[PDB]
Ligand code: HEC
Ligand code: HEM
Ligand code: HEM
Ligand SMILES: CCCCCCCCCCCCO[C@@H]1O[C@H](CO)[C@@H](O[C@H]2O[C@H](CO)[C@@H](O)[C@H](O)[C@H]2O)[C@H](O)[C@H]1O
């Protein structure tokens, strides 16, 4: 299987755990907010792109070299 | 009498490159003149070579540049040399202009070589702008569009002139073919003006870093400055090598590897880096015509340095306050450059306006004031 | 700016007690930081000479003053090209920094400015 | 040293001939040297290294 | 001494030698752009029938 | 304002004797190590403020502007961005 | 602009060709061609590459002629002026999947798959962007993202919504050299291949650069000696002044 699957998982649970938590919390909030009615007629709809970017940027920093080492 | 002096043709060369009497104390900032001559020679050689393989028709232009990259022997080198030397030409010209402003090279009796110099600078901008369009990638097309539309600001006839420059209603084949012809011509015009500013300089000779006369102590141009010029030639060629062979695309925009598409507009249309300060000055003024005037004035204002510098002493070597002001002026010019390529967003909008005011106030307020005060400090200070 | 201008303005400052109290110390520091004395120059050696007026003033210098100025220019040029500073007796001491040229240029300019005025006289 | 000077350096015709002959030798040897060095630092990566499989 | 002069001519000579070798490399690589490009060299083969061609 | 060899336009020179030695008689790199260390240090020390002050000021300005701009385009900066436009 | 509008910036991966003295790995180039041929070529052209370009880079003359000879190209008209087809030659360009833009867009829900010949030069990031994009489709878009119809979420793509779906899955290709074809391996190979396609002079350019660096450095050193030698009489000048 793809070596990246395991490396990414390891980096999320380990060095990028704070970022993982923030993304998780964000998704919980947004899903809950979408669940509530009259969400479609709201001014501001929050996404989790920002938190996702922070997590991915972190995972990539901790993985890039390790991944290419096993290809 | 030696043949080099006797024969009229040889004597002209002799007077410029051999017996030419130079100050004995020129520092390495006097080496940019010969680097500029080197860039001009490289651009002529590579440019004429690219012209042997390039097709100016819009249906073939971008592909002819790919053919140069892929099929022509050493075409990649000739292309990258031409493209990178255009950047080096601007580094050297900014250094040369910087030298001239710091050392007061614009003061009497060198107003005429300086004023011709300002025109050389305008010709280089036009040459480089037209050359960039020739690739006919996305930045080429969109760059041409927005820059040529600044002419629409000219009152009454503005729009008519734009259609005249395009040879149509938009940037297309007619524009590309005329830019090829003019891009080929402009470097020859530029070489003539470069020769003119040297002939004009030859009446006073070179200034020097102390700002005093060198009539007391002259050195032949050869061998002293010949061999001193070689050091910077090889330092230049090292820089050239690192870009051309190891990082040929560092100074470029990836979007110019996409063929021109009049429908799709690129994310950000920016000029080449060396034009960025003038673009920031243009953005600073909200009015279209205002912005264009400001942008042109930013170059033409160099012509008033001979007047606004009120100093009784030439150059900044001995003027601590002028040196501080010069430092701020140069760094502001670099900040303008950076602001030329940011998005039109807070807080860069207001910052660009402040930097634009500082740019102009150097010429109009600060240099006249500072130079007046330093005159008085030299006199009172040495009593 | 003309030497005349610089001299007149300086005299206005030196007259005002307040003004001189604040300007004279600044001017002395300016001169110290300027560092022309560290190349063995006198202040007047730095004045732009490529002007009809200044060429005339220099021709009117006494031969001794003229020969010494030539030497200071050559010496300073040698320090410049060598990237050295003056040491010892080559450094201009404040007491040696005399305005040897100012009187000559002020006379040249006096005539030049009077000539311009009188070229515009109107018989009343 | 006198001998060397007198033969190769004293006459400019000889000096320029020596410089050009040296340039010719340098050009040929430097080519060969760089080729070998380039092949060692990029070993197993070039077409010439994998060509044998095909 | 001759040794003293010879040293400085060695430096000058080396400089001339690298400049000569560098110019030769530059000229050769640069001018080669004018030799047939890769696409021109690709044109090389044509098959012709002979059945159609009459005698004489 | 410049003549030519023999009549350069110098005031008359008298009383200066100049001396030098042949390039072949001199060590071209004499005192190179002292120059490279001590001379360069002196020359650099004396010019340092004229570079440091403007560079540091404009770098600070840029840093503040770029950090604000980055912050305005985050979620946190929504309200301040709305006012700014 | 928001980070989303920019796209996430790709990691810097340690490519074999990174390094002043490093060529491409040609075995990776060959494998990358195989990914292009079996996956990308369905939607993307490679119009600037001719069969002859593969020869002595990824393939022998015979293998490349075999690839060319399997295809039909437009010949010159026959004697009645009727259209004819011929088998391909090494001089021929690799043919694209679609006859025109309209056909390309029709097949891709309106999106036009770009030609890949220059894509490594035409995007900030180069190989890193290609690798990041191909391997960076999350299973689920971040909560709150609304994708337009026919769009797929990919954070590396500016705006986040790309018209190209994920295409690399473990074992979509069977490499001829026995290498395990994982998503990551295939993305690495194809990114390398596309970088080569954009800049095929790469290997020669860097070797000539090495030669230039060495010669120019030596010339710079000698030019410093010669300048100092010639200038020493001026630097060493001394004066005695006796005022007249
Ligand atoms: C069946 C369709 C399809 C396949 C298979 C496919 N692509 Fe694409 N690709 C597209 C479409 C459509 C776009 C345009 C996406 C857009 O602009 O929204 C695209 C865009 C791209 C882009 C550019 C994205 C950008 O920045 O503009 C790259 C690079 C790319 N593809 C590479 C590949 C590679 C490498 C492969 C396979 C190994 C591949 N594609 C497979 C349809 C495909
Ligand atoms: C193609 C562009 C140019 C070339 C090839 C060129 C070349 C030269 C050369 C060889 C010199 C004498 C040596 C030196 O001082 O460096 C010189 C001096 C000068 N140039 Fe330029 N120049 C160019 C552009 C400019 C520009 C744009 C300006 C002004 C805006 C300018 C103004 C001057 C001045 C004032 C001098 C005299 C400086 C002095 O010695 O004190 N030049 N130029
Ligand atoms: C001052 C001299 C010159 C400058 C500053 C200059 C600048 C430029 C620039 C910036 C480009 C765009 C390069 C790219 O990104 O690909 C270009 C392209 C071009 N120039 Fe010039 N140029 C000069 C002289 C010449 C001359 C004399 C010719 C003779 C025809 C010429 C022919 C070309 C051609 C054919 C192209 C298009 C091919 C290409 O993009 O490489 N140039 N030039
Ligand atoms: C820099 C590129 C190299 C090519 C040289 C440029 C070509 C164009 C130069 C000719 C323009 C006329 O240039 C003019 O020529 C004459 C003689 O040549 C010079 O005249 C100078 O040298 C001669 C002897 O060398 C003296 O008689 C004279 O006293 C002195 O002024 C002028 O100072 C110069 O301004």
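Does residue B:123 satisfy the criteria of being away from chain C (no Cβ under 14 Å), within 18 Å of the chain's Cα centre (by Cα), within 12 Å of ligand 3 (Cβ to nearest atom) and under 21 Å from residue B:42 (Cβ atoms)? The answer is yes for residue B:123.
A single entry from B:318, B:333, B:278 fulfils the requirement of being more than 30 Å from residue C:80 (Cβ to Cβ) and in contact with a helix residue (DSSP H, G or I) (Cβ under 8 Å, 6 or more places away or on another chain): B:278. Of the candidates B:258, B:269, B:231, the single residue that is touching a strand residue (DSSP E or B) at 6+ places or on another chain (Cβ under 9 Å) and closer than 28 Å to residue B:79 by Cα is B:258.
Within the range A:28-71, the set of residues being more than 7 Å from chain G (Cβ to nearest Cβ), outside any helix (DSSP H, G or I) and closer than 30 Å to residue G:180 by Cβ comprises A:62, A:63, A:70. The helices (runs of 4 or more DSSP H) located wholly in the range B:212-328 that include 2 or more residues which are within 14 Å of chain G (Cβ to nearest Cβ) and under 24 Å from residue B:31 (Cβ atoms) occupy B:221-241. All conditions in (1) within 15 Å of the chain's Cα centre (by Cα); (2) assigned to a helix (DSSP H, G or I); (3) crowded, with 16+ Cβ neighbours inside 10 Å hold for residue C:103, with the sole exception of (3).
Candidates in the range B:185-210 are the residues that are more than 10 Å from ligand 4 (Cβ to nearest atom) and within 14 Å of chain F (Cβ to nearest Cβ); of these, the one that is farthest from the chain's Cα centre (by Cα) is B:204.
Hey, among G:111, G:103, which residue is more than 11 Å from ligand 1 (Cβ to nearest atom), under 22 Å from residue G:36 (Cβ atoms) and either surrounded by fewer than 18 Cβ atoms within 10 Å (Cβ to Cβ) or not assigned by CATH to the domain that holds residue G:184 (or both)? Give the steps one after another, and end with the answer.
Numbers: G:111 fails: more than 11 Å from ligand 1 (Cβ to nearest atom).
Just a single option satisfies the conditions, and that option is G:103.
Listed by first and then second residue, the pairs linking a residue in the range B:118-145 that is within 13 Å of residue B:175 (Cα to Cα) to a residue that is within 16 Å of ligand 1 (Cβ to nearest atom) and assigned to a helix (DSSP H, G or I), with Cβ atoms under 6 Å apart and 6 or more places separating them unless they lie on different chains, are B:135/B:256. With respect to residue C:7, is the statement that it is without any contact (Cβ under 8 Å) to a residue 40 or more places away in the chain and either more than 7 Å from every other protein chain (Cβ to nearest Cβ) or assigned to a helix (DSSP H, G or I) (or both) true? For residue C:7, the condition - without any contact (Cβ under 8 Å) to a residue 40 or more places away in the chain and either more than 7 Å from every other protein chain (Cβ to nearest Cβ) or assigned to a helix (DSSP H, G or I) (or both) - is not met.
Listed by position, the helices (runs of 4 or more DSSP H) contained in the range B:1-55 that have at least 1 residues being within 11 Å of ligand 3 (Cβ to nearest atom), surrounded by fewer than 17 Cβ atoms within 10 Å (Cβ to Cβ) and without any contact (Cβ under 8 Å) to a residue 60 or more places away in the chain are B:32-51.
Scanning the range B:329-348 for residues that are buried (at least 17 other Cβ atoms within 10 Å of the Cβ) and over 25 Å from the mean Cα position of the chain (by Cα) yields B:346, B:348.
Suppose the filter is over 22 Å from the mean Cα position of the chain (by Cα), more than 16 Å from ligand 4 (Cβ to nearest atom), surrounded by fewer than 17 Cβ atoms within 10 Å (Cβ to Cβ) and more than 23 Å from residue G:152 (Cβ to Cβ); does residue G:84 pass it? When the stated conditions are applied, residue G:84 passes them. Of all the listed residues (G:212, G:192), the sole one being surrounded by 18 or more Cβ atoms within 10 Å (Cβ to Cβ) and closer than 22 Å to residue B:233 by Cα is G:212.
The values are calculated or read from the model by the stated rules, or taken from the named source; nothing here is a laboratory result. Cβ: placed from backbone, ideal geometry, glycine included. Neighbour counts: every protein chain shown.
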